[PDB]
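Structure record follows, encoded as structure tokens.
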Amino acid sequence: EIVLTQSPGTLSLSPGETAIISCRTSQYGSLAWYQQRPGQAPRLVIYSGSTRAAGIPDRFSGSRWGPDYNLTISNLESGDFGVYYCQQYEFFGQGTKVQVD
Amino acid sequence: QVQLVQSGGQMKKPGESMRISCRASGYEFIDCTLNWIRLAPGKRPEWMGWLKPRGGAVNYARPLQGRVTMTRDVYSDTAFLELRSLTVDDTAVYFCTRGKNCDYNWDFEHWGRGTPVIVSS
Amino acid sequence: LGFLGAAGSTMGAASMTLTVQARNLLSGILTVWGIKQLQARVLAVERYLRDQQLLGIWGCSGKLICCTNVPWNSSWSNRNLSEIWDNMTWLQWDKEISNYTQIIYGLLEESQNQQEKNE
Amino acid sequence: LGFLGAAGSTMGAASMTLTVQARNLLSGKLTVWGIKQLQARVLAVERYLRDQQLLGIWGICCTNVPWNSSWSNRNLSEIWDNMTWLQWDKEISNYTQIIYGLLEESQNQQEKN
Amino acid sequence: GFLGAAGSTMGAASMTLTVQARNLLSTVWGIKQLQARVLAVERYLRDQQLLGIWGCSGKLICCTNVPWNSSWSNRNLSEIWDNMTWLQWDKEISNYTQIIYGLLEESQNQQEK
Amino acid sequence: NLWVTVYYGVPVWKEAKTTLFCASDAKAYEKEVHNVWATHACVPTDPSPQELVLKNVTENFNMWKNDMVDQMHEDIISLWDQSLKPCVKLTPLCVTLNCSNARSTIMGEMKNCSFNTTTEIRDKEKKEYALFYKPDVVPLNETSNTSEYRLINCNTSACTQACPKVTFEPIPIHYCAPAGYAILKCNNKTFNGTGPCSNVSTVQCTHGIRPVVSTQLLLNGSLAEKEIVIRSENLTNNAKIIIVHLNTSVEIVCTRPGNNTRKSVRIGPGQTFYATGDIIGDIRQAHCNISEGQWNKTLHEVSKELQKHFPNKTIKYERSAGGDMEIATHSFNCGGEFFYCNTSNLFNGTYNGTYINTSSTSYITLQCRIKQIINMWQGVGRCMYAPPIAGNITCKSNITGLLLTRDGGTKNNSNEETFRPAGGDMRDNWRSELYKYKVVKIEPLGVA
């Protein structure tokens with residue numbers, strides 16, 4: 001049972017683009033987003049659906065009220081490539097990855 | 001600085017006992033609720049283990065009943081994860097973790113070195 | 001200690017010695033054993049504050065006398081003016097009215113509220 | 001506890017019973033454990049003394065500070081009959097330090113004499 | 001600001017008396033705060049009490065029924081009004097202190113007859 | 001235009017926080033005869049009769065966020081530490097012990113121990129003949145012969161004896177607002193853990209809660225007045241704690257047979273150890289009697305209550321998760337000596353045949369165990385020793401509440417933690433009692 005469906009599965013983007021990842025929940029828990037560089041420990045990115053976590057620049061943003069949540073990453077830095085994970089405390093999704101175009 | 005230090009990994013035969021230790025470096029280990037999760041290539045993550053090290057409260061996932069056990073020593077400030085009856089599917093990196101604040105007992109702040117588990121089939 | 005001199009006299013003499021009694025009532029002159037003085041100070045201060053507060057609730061601070069607006073009942077004391085003023089000594093009168101203590105305590109919060117219907 | 005009865009009523013009825021609140025407001029070896037009763041009593045006494053001090057500095061009382069309608073434009077009848085105390089208290093609480101001040105000057109204008 | 005009045009003559013200081021009164025009110029190692037709190041509260045209570053005993057509470061200044069004598073001070077209206085800084089006059093009257101204390105009790109009682 | 005002037009005596013509120021002070025009855029220096037929890041510095045007598053219902057008082061309550069429970073918790077633990085302070089230190093006991101089992105299911109659990117001790121003269125030595133339970137002793141390193149043992153504590157910390165006259169059951173102790181503060185009590189029986197309350201009443205001082213200590217269960221408490229009540233932080237957060245408050249009590253009795261006898265033992269000059277001298281009887285160990293299948297009936301109602309809140313994931317039950325004995329077992333201190341019971345029999349079974357069925361057959365039995373050396377408050381290092389007590393010890397109590405957890409998906413952290421008893425913290429289970437009450441202060445001024 002997956003009640004956090006990240007979509008699209010992956011994105012291939014050049015540096016400086018604006019990446020968008022949608023995640024769909026169906027329960028009142030709330031969202032957070034992880035990310036780990038290849039071979040590195042994960043880091044919290046977005047918290048509470050829209051709030052940037054500590055040490056996270058304004059590039060990353062989140063929304064919205066409802067079951068669908070739209071992660072967004074403006075000005076794609078190459079260091080931000082790798083796997084992202086949708087999350088809300090008791091949930092996480094399948095994970096999705098961003099790579100070079 | 002608060003930090004989670006993981007011991008070395010394992011590569012042993014399947015159908016074996018597998019053990020890991022993690023220390024909450026630079027922190028009052030007794031107070032905060034640690035957690036264990038799995039990360040593997042191309043797989044969903046999976047939450048493994050709860051530990052409220054004050055009383056030693058424990059609970060764990062549906063696929064892990066019986067097989068998986070964990071404990072702690074408050075004096076050593078070290079949590080211990082031990083899996084029984086190792087199998088090929090157990091191959092994954094394991095992280096001892098923590099939340100942003102020790103109020104929500106979920107793993108969304110800290111991550112160790114990701115000590116790996118490998119099954120020599 | 002002069003205020004106790006009025007205790008040993010009739011009413012009229014005590015009529016002027018009211019202030020001297022009021023003055024002294026507030027304050028006076030390894031070993032952790034001695035901090036019970038702080039308990040005594042707190043209790044004395046609380047008693048004084050109770051006095052001033054209660055004077056406030058009659059709406060009668062500053063003065064020692066105030067024209068308070070309530071009936072009086074002879075059932076509490078029917079005896080005449082002269083006996084209560086001339087011959088009397090304070091402890092005996094206080095004992096006499098003490099029988100009616102909560103029968104002579106109560107209302108005048110409402111009396112204050114009554115003249116405060118227009119104040 | 002009657003004053004809390006006035007809390008559950010509007011301005012009019014509570015105006016009849018403000019004094020009971022004032023009455024109750026004042027007072028009510030190995031185990032050094034319980035010594036902090038003393039400092040609790042001290043803090044309560046200090047709150048009472050602050051009340052009396054503020055009452056003194058103002059010199060119910062025909063005072064002289066005006067009242068800008070910006071802090072509240074709501075009419076006479078609302079704040080007699082309909083109004084429960086907590087709501088109007090919160091309403092004026094927005095302007096708290098904006099409406100704290102010139103009673104000292106109201107003392108001072110008559111201290112010109 | 002009340003210390004600003006200390007650094008000025010009587011007339012300017014006369015408009016700033018209230019603020020001084022306003023501010024005047026308010027590890028077993030840390031328990032020592034209680035003594036300071038109790039003593040400050042007691043000093044304030046002595047002030048209010050003695051204001052009562054003049055029959056002059058509420059009012060900051062009161063028409064209290066004792067006269068002056070040239071022995072306690074002969075210097076005139078103008079010197080004390082304008083030129084005179086507070087500490088010097090306080091020291092001068094302090095030479096008398098207890099004798100210039102006393103009699104107003106029976107004057108309170110005179111009006112209390 | 002309508003111009004300022006200040007009331008005095010305005011009845012309005014501010015959500016302040018302060019140090020409350022308890023109130024209880026008293027009859028002697030140890031707070032009636034003996035004392036552990038009570039304190040007569042908290043004055044008699046019960047001022048709770050000051051009660052009043054209020055009109056239109058809509059006010060928010062939040063038991064999870066309540067804080068005076070924490071002040072009370074610090075109060076109790078500080079008082080208990082102060083009680084332990086004057087008593088004897090059992091440091092001299094930690095010497096090598098030559099030990100074996102009992103002399104002749106059975107109290108073979110008891111281990112016979114012999115050891116050396118000092119006489120009244122500081123330099124002379126004498127042998128001893130003592131008895132201790134297995135969990136209270138550790139064998140030395142197995143490279144040496146296992147017959148040699150030591151006390152558990154001295155590898156980690158010191159030891160202290162419990163004074164004899166310091167022994168006390170939980171007293172109902174009231175909690176009174178200081179001057180300028182007031183206590184607000186909600187009366188709506190359907191209180192959902194937090195939210196507005198309409199029938200709010202107010203009291204100068206609150207109910208006399210008993211400071212009981214227990215694990216996995218609430219006993220000798222106050223029943224609810226609606227049907228069985230559920231309270232939780234947020235149910236969908238699966239790994240969070242759920243608390244259940246019963247509307248009808250269930251009886252439990254605990255006993256151990258035997259005319260057991262203790263003996264004083266010299267430990268230095270001016271203080272003596274209390275060791276168990278002998279056990280006299282059949283002494284079938286520590287079995288506790290439950291009130292027949294009334295548990296079988298009660299679990300049905302609890303299952304219905306849980307099913308009401310959630311879709312059809314069928315409710316069932318499971319053994320304790322594990323961990324320390326306090327987490328693993330239900331614990332209590334009824335007989336002075338502390339008890340532990342494997343609660344597997346309580347939570348076995350799932351089907352309607354014993355979850356929509358009721359009957360009276362025979363008292364259900366729990367295997368139990370006794371321990372003396374204990375970290376009293378749930379593992380904190382206040383290591384102290386409970387002395388033994390004479391035989392035929394017995395207890396009686398009324399059960400009133402349970403502790404639980406919950407399951408959820410998309411992390412399958414739990415599939416049966418709804419079905420599992422929680423270990424819990426006695427702080428929170430006190431907080432499960434103080435939900436009724438709230439603290440507030442007064443502000444006497446306003447304008448109109």
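By order of appearance in the structure tokens: chains A, B, ..., then residues from 1 within every chain, and ligands from 1 in the order shown.
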
With a distance cut-off of 9 Å and only C-alpha atoms, select the neighbouring residues of residue 44 in chain C, excluding the residue or stretch itself and same-chain residues fewer than 5 positions from it, and output the selection as an NGL selection string.
:C and (25-27 or 39 or 49)

Output the selection as a PDB file, in the first residue's frame - N, CA, C and O atoms for each residue.
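Dumped everything to selection_0.pdb:
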```
ATOM      1  N   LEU C  25       2.314  48.592  64.140  1.00  0.00           N
ATOM      2  CA  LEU C  25       1.720  47.357  63.640  1.00  0.00           C
ATOM      3  C   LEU C  25       2.431  46.837  62.396  1.00  0.00           C
ATOM      4  O   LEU C  25       2.327  45.646  62.081  1.00  0.00           O
ATOM      5  N   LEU C  26       3.155  47.699  61.680  1.00  0.00           N
ATOM      6  CA  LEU C  26       3.717  47.293  60.397  1.00  0.00           C
ATOM      7  C   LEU C  26       5.024  46.530  60.574  1.00  0.00           C
ATOM      8  O   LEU C  26       5.179  45.423  60.048  1.00  0.00           O
ATOM      9  N   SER C  27       5.976  47.108  61.305  1.00  0.00           N
ATOM     10  CA  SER C  27       7.328  46.565  61.337  1.00  0.00           C
ATOM     11  C   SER C  27       7.995  46.915  62.658  1.00  0.00           C
ATOM     12  O   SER C  27       7.533  47.784  63.401  1.00  0.00           O
ATOM     13  N   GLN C  39       9.443  34.090  57.381  1.00  0.00           N
ATOM     14  CA  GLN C  39       8.056  33.660  57.547  1.00  0.00           C
ATOM     15  C   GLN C  39       7.275  34.673  58.365  1.00  0.00           C
ATOM     16  O   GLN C  39       6.153  35.057  58.005  1.00  0.00           O
ATOM     17  N   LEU C  49      -1.635  43.927  55.023  1.00  0.00           N
ATOM     18  CA  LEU C  49      -2.250  44.062  53.710  1.00  0.00           C
ATOM     19  C   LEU C  49      -3.719  43.681  53.761  1.00  0.00           C
ATOM     20  O   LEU C  49      -4.545  44.274  53.067  1.00  0.00           O
TER      21      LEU C  49
END
```

Which residues in range 200-320 of chain F does DSSP call strand (DSSP E or B)? List them as a PyMOL selection string.
chain F and resi 201-203+205+209+214+217-219+229-232+242-255+261-266+272-278+288-290

Based on the selection just made, write N, CA and C atoms of those residues as a tab-separated table (two decimals), in the first residue's frame.
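Wrote selection_21.tsv, looks like this:
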```
chain	number	residue	atom	x	y	z
F	201	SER	N	-16.84	24.38	34.75
F	201	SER	CA	-17.00	24.79	36.13
F	201	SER	C	-15.63	25.20	36.65
F	202	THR	N	-15.63	25.84	37.82
F	202	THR	CA	-14.41	26.36	38.43
F	202	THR	C	-14.39	26.02	39.91
F	203	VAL	N	-13.18	25.75	40.41
F	203	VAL	CA	-12.98	25.34	41.79
F	203	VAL	C	-11.75	26.04	42.33
F	205	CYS	N	-9.88	24.65	44.46
F	205	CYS	CA	-8.91	23.57	44.57
F	205	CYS	C	-9.53	22.31	43.98
F	209	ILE	N	-6.19	13.59	43.60
F	209	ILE	CA	-5.63	12.48	42.82
F	209	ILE	C	-4.65	11.69	43.67
F	214	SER	N	2.41	2.61	38.21
F	214	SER	CA	2.06	1.37	37.52
F	214	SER	C	2.58	1.42	36.10
F	217	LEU	N	-1.02	-0.40	32.81
F	217	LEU	CA	-2.38	-0.38	33.33
F	217	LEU	C	-2.55	0.77	34.30
F	218	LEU	N	-3.78	1.27	34.39
F	218	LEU	CA	-4.17	2.27	35.37
F	218	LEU	C	-5.09	1.60	36.38
F	219	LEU	N	-4.73	1.69	37.66
F	219	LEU	CA	-5.45	1.00	38.72
F	219	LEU	C	-5.60	1.92	39.92
F	229	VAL	N	-13.68	5.63	27.26
F	229	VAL	CA	-13.23	6.84	26.58
F	229	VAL	C	-11.87	6.57	25.94
F	230	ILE	N	-11.65	7.18	24.78
F	230	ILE	CA	-10.39	7.10	24.05
F	230	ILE	C	-9.80	8.49	23.96
F	231	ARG	N	-8.49	8.60	24.16
F	231	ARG	CA	-7.77	9.85	24.02
F	231	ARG	C	-6.42	9.59	23.36
F	232	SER	N	-6.05	10.48	22.44
F	232	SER	CA	-4.81	10.32	21.69
F	232	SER	C	-4.34	11.67	21.19
F	242	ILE	N	-1.80	5.90	22.57
F	242	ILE	CA	-3.24	5.97	22.79
F	242	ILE	C	-3.51	5.53	24.23
F	243	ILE	N	-4.43	6.22	24.89
F	243	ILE	CA	-4.81	5.94	26.27
F	243	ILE	C	-6.30	5.62	26.29
F	244	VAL	N	-6.67	4.64	27.11
F	244	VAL	CA	-8.05	4.20	27.25
F	244	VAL	C	-8.45	4.34	28.71
F	245	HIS	N	-9.60	4.97	28.95
F	245	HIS	CA	-10.13	5.23	30.28
F	245	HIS	C	-11.43	4.46	30.43
F	246	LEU	N	-11.47	3.54	31.39
F	246	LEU	CA	-12.62	2.68	31.58
F	246	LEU	C	-13.74	3.41	32.30
F	247	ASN	N	-14.98	3.03	31.99
F	247	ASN	CA	-16.16	3.50	32.70
F	247	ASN	C	-16.59	2.56	33.81
F	248	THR	N	-16.14	1.30	33.79
F	248	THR	CA	-16.45	0.32	34.82
F	248	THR	C	-15.15	-0.35	35.24
F	249	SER	N	-14.97	-0.52	36.54
F	249	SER	CA	-13.73	-1.08	37.06
F	249	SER	C	-13.72	-2.59	36.93
F	250	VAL	N	-12.51	-3.15	36.98
F	250	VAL	CA	-12.28	-4.59	36.99
F	250	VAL	C	-11.33	-4.89	38.15
F	251	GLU	N	-11.62	-5.96	38.88
F	251	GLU	CA	-10.92	-6.28	40.11
F	251	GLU	C	-9.74	-7.21	39.83
F	252	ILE	N	-8.63	-6.96	40.53
F	252	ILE	CA	-7.46	-7.82	40.49
F	252	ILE	C	-6.94	-7.97	41.92
F	253	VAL	N	-6.57	-9.20	42.28
F	253	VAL	CA	-5.99	-9.51	43.58
F	253	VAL	C	-4.67	-10.23	43.35
F	254	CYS	N	-3.66	-9.84	44.12
F	254	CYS	CA	-2.33	-10.42	44.04
F	254	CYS	C	-1.90	-10.88	45.42
F	255	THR	N	-1.31	-12.08	45.46
F	255	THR	CA	-0.91	-12.70	46.71
F	255	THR	C	0.28	-13.60	46.44
F	261	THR	N	9.83	-14.90	56.61
F	261	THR	CA	10.44	-14.24	57.75
F	261	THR	C	11.73	-13.57	57.31
F	262	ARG	N	11.96	-12.36	57.82
F	262	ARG	CA	13.19	-11.62	57.60
F	262	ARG	C	14.03	-11.63	58.87
F	263	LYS	N	15.31	-11.29	58.70
F	263	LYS	CA	16.23	-11.16	59.82
F	263	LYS	C	17.12	-9.94	59.61
F	264	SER	N	17.32	-9.17	60.67
F	264	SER	CA	18.27	-8.08	60.62
F	264	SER	C	19.69	-8.63	60.61
F	265	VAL	N	20.57	-7.94	59.89
F	265	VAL	CA	21.97	-8.34	59.75
F	265	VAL	C	22.84	-7.12	60.00
F	266	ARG	N	23.89	-7.31	60.81
F	266	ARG	CA	24.80	-6.22	61.12
F	266	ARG	C	25.57	-5.79	59.88
F	272	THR	N	21.78	-1.69	60.23
F	272	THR	CA	21.59	-3.11	59.98
F	272	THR	C	20.86	-3.34	58.67
F	273	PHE	N	21.25	-4.39	57.96
F	273	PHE	CA	20.57	-4.79	56.74
F	273	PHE	C	19.41	-5.73	57.07
F	274	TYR	N	18.36	-5.66	56.25
F	274	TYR	CA	17.19	-6.52	56.38
F	274	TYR	C	17.20	-7.52	55.23
F	275	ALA	N	17.63	-8.74	55.53
F	275	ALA	CA	17.65	-9.83	54.56
F	275	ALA	C	16.50	-10.79	54.83
F	276	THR	N	16.09	-11.51	53.79
F	276	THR	CA	15.08	-12.54	53.95
F	276	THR	C	15.71	-13.76	54.62
F	277	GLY	N	15.14	-14.17	55.75
F	277	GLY	CA	15.72	-15.23	56.55
F	277	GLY	C	15.26	-16.61	56.13
F	278	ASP	N	13.96	-16.75	55.86
F	278	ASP	CA	13.42	-18.03	55.44
F	278	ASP	C	12.03	-17.81	54.85
F	288	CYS	N	-1.68	-14.01	40.63
F	288	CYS	CA	-2.67	-12.95	40.79
F	288	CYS	C	-3.98	-13.40	40.18
F	289	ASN	N	-5.09	-13.03	40.83
F	289	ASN	CA	-6.43	-13.45	40.44
F	289	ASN	C	-7.14	-12.29	39.77
F	290	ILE	N	-7.66	-12.53	38.57
F	290	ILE	CA	-8.43	-11.55	37.80
F	290	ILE	C	-9.90	-11.93	37.91
```

Do me a favour and pick out the residues of chain B within 12 Å of chain F, using only C-alpha atoms, as a PyMOL selection string.
chain B and resi 30-31+33+35-38+44-66+68-76+103-107

Can you tell me, as a PDB file with C-alpha atoms, in the first residue's frame, what residues are no more than 7 Å from residue 86 in chain C when counting only C-alpha atoms, ignoring any on the same chain fewer than 2 positions away?
```
ATOM      1  CA  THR C  10     -11.817  53.424  79.014  1.00  0.00           C
ATOM      2  CA  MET C  11     -13.014  54.410  75.554  1.00  0.00           C
ATOM      3  CA  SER C  82     -23.266  55.803  78.121  1.00  0.00           C
ATOM      4  CA  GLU C  83     -22.418  52.294  79.334  1.00  0.00           C
ATOM      5  CA  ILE C  84     -20.722  51.363  76.068  1.00  0.00           C
ATOM      6  CA  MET C  88     -16.689  50.134  79.218  1.00  0.00           C
TER       7      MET C  88
END
```

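What chain C places within 12 Å of chain F, counting only C-alpha atoms, is residues 56, 57 and 119 of chain C.
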
Serialized selection, N, CA, C and O atoms, as a short mmCIF file (atom, residue, chain, number, x, y, z; two decimals), in the first residue's frame:
```
data_model
loop_
_atom_site.label_atom_id
_atom_site.label_comp_id
_atom_site.auth_asym_id
_atom_site.auth_seq_id
_atom_site.Cartn_x
_atom_site.Cartn_y
_atom_site.Cartn_z
N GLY C 56 -10.17 49.04 52.13
CA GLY C 56 -10.51 49.38 50.76
C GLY C 56 -11.90 48.91 50.38
O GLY C 56 -12.65 49.61 49.70
N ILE C 57 -12.28 47.71 50.83
CA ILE C 57 -13.55 47.14 50.39
C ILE C 57 -14.72 47.84 51.07
O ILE C 57 -15.83 47.86 50.52
N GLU C 119 -21.93 55.75 41.97
CA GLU C 119 -20.48 55.93 41.81
C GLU C 119 -19.79 54.77 41.10
O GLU C 119 -18.55 54.77 41.05
#
```

I need the contact residues of chain C against chain D, so if you could list those with any atom within 10 Å, counting only C-alpha atoms, and return them as a ChimeraX atom specification, that would help.
/C:33,38-39,42-43,45-47,49-50,53-54,56-58,109-110,112-114,116-117,119

Kindly provide, as a PyMOL selection string, the residues of chain D having any atom no farther than 10 Å from an atom of chain E, counting only C-alpha atoms.
chain D and resi 36+38-39+42-43+45-47+49-50+53-59+104-105+107-109+111-112

Need to verify the contact set: residue 99 in chain E, 12 Å, only C-alpha atoms, exclusion of same-chain residues closer than 5 positions in sequence. Can you return it as an MDAnalysis selection string?
chainID E and resid 68:69 71:72 93:94 104

What separation in Å, quoted to one decimal, exists between CA of residue 67 in chain B and CA of residue 40 in chain B?
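That distance, rounded to one decimal, is 19.4 Å.
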
Just the number, please: distance in Å from CA of residue 124 in chain F to CA of residue 271 in chain F, one decimal.
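CA of residue 271 in chain F lies 16.3 Å from CA of residue 124 in chain F.
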
How many Å separate CA of residue 361 in chain F from CA of residue 340 in chain F?
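Going from CA of residue 361 in chain F over to CA of residue 340 in chain F covers 25.0 Å.
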
Just want the 12 Å neighbourhood of residue 105 in chain C, counted on only C-alpha atoms, with same-chain residues fewer than 5 positions away dropped. Output as an MDAnalysis selection string.
chainID C and resid 54 58 70 72 76 97:100 110

Neighbour list for range 77-87 of chain F as a ChimeraX atom specification, cut-off 9 Å, only C-alpha atoms, skip fewer than 4 positions in-chain:
/D:30-31,33 /F:35-39,72-73,160-163,166,377,382,384

Who sits within 7 Å of residue 96 in chain F, only C-alpha atoms, same chain under 5 positions skipped, as number ranges by chain
F: 115, 148-150

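Distances from A:36, A:26, A:99, A:10 to residue 76 in chain A were compared using only C-alpha atoms, and the smallest one belongs to A:99.
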
Would you return as a PyMOL selection string the members of chain E that DSSP assigns to helix (DSSP H, G or I) on this structure's backbone?
chain E and resi 2-6+10-24+28-53+77-83+86-94+104-112

Pull out every residue of chain A that has at least one atom within 10 Å of chain B, counting only C-alpha atoms, and report them as a compact mmCIF listing (two decimals) with N, CA and C atoms, in the first residue's frame.
```
# COMPACT_ATOMS: atom_id res chain seq x y z
N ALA A 32 6.99 16.33 4.32
CA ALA A 32 8.42 16.55 4.37
C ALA A 32 9.05 15.89 3.15
N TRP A 33 10.23 16.37 2.77
CA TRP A 33 10.96 15.84 1.62
C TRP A 33 12.41 15.62 2.00
N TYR A 34 12.93 14.45 1.65
CA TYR A 34 14.34 14.13 1.80
C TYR A 34 15.06 14.27 0.47
N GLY A 39 25.43 8.14 -2.92
CA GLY A 39 26.38 7.64 -1.95
C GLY A 39 26.50 8.45 -0.68
N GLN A 40 25.66 9.45 -0.48
CA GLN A 40 25.73 10.34 0.68
C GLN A 40 24.49 10.17 1.56
N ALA A 41 24.59 10.70 2.77
CA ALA A 41 23.48 10.59 3.70
C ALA A 41 22.32 11.47 3.24
N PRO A 42 21.07 11.10 3.52
CA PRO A 42 19.95 11.99 3.18
C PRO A 42 19.99 13.29 3.96
N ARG A 43 19.30 14.29 3.41
CA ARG A 43 19.12 15.59 4.04
C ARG A 43 17.66 15.99 3.91
N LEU A 44 17.10 16.56 4.98
CA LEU A 44 15.77 17.14 4.89
C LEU A 44 15.82 18.39 4.02
N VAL A 45 14.83 18.54 3.14
CA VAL A 45 14.80 19.63 2.17
C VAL A 45 13.61 20.53 2.45
N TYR A 47 9.88 20.89 4.62
CA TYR A 47 9.21 20.47 5.84
C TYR A 47 7.83 21.10 5.89
N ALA A 53 13.69 23.56 5.07
CA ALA A 53 14.36 23.13 6.29
C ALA A 53 15.61 23.97 6.52
N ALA A 54 16.30 23.68 7.62
CA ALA A 54 17.50 24.43 7.98
C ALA A 54 18.59 24.20 6.94
N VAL A 83 18.47 11.40 -5.80
CA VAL A 83 17.15 10.89 -5.46
C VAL A 83 16.51 11.78 -4.41
N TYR A 85 12.82 12.08 -2.00
CA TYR A 85 11.78 11.23 -1.42
C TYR A 85 10.66 12.10 -0.87
N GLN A 87 7.48 12.50 1.72
CA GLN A 87 7.43 12.06 3.11
C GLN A 87 6.37 12.85 3.87
N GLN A 88 5.71 12.18 4.81
CA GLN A 88 4.98 12.88 5.87
C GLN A 88 5.00 11.99 7.11
N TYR A 89 5.99 12.23 7.97
CA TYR A 89 6.15 11.54 9.25
C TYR A 89 5.99 10.03 9.13
N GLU A 90 4.74 9.56 9.11
CA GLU A 90 4.48 8.13 9.07
C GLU A 90 4.45 7.58 7.66
N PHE A 91 4.65 8.42 6.63
CA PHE A 91 4.62 7.98 5.24
C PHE A 91 5.94 8.36 4.56
N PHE A 92 6.36 7.54 3.59
CA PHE A 92 7.20 8.01 2.49
C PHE A 92 6.77 7.30 1.21
N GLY A 93 7.10 7.91 0.08
CA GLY A 93 6.73 7.38 -1.22
C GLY A 93 7.78 6.46 -1.80
N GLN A 94 7.83 6.41 -3.13
CA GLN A 94 8.75 5.52 -3.84
C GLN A 94 10.09 6.16 -4.17
N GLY A 95 10.23 7.47 -3.98
CA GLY A 95 11.46 8.14 -4.35
C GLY A 95 11.54 8.43 -5.83
N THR A 96 12.18 9.54 -6.19
CA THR A 96 12.34 9.95 -7.58
C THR A 96 13.69 10.65 -7.70
```
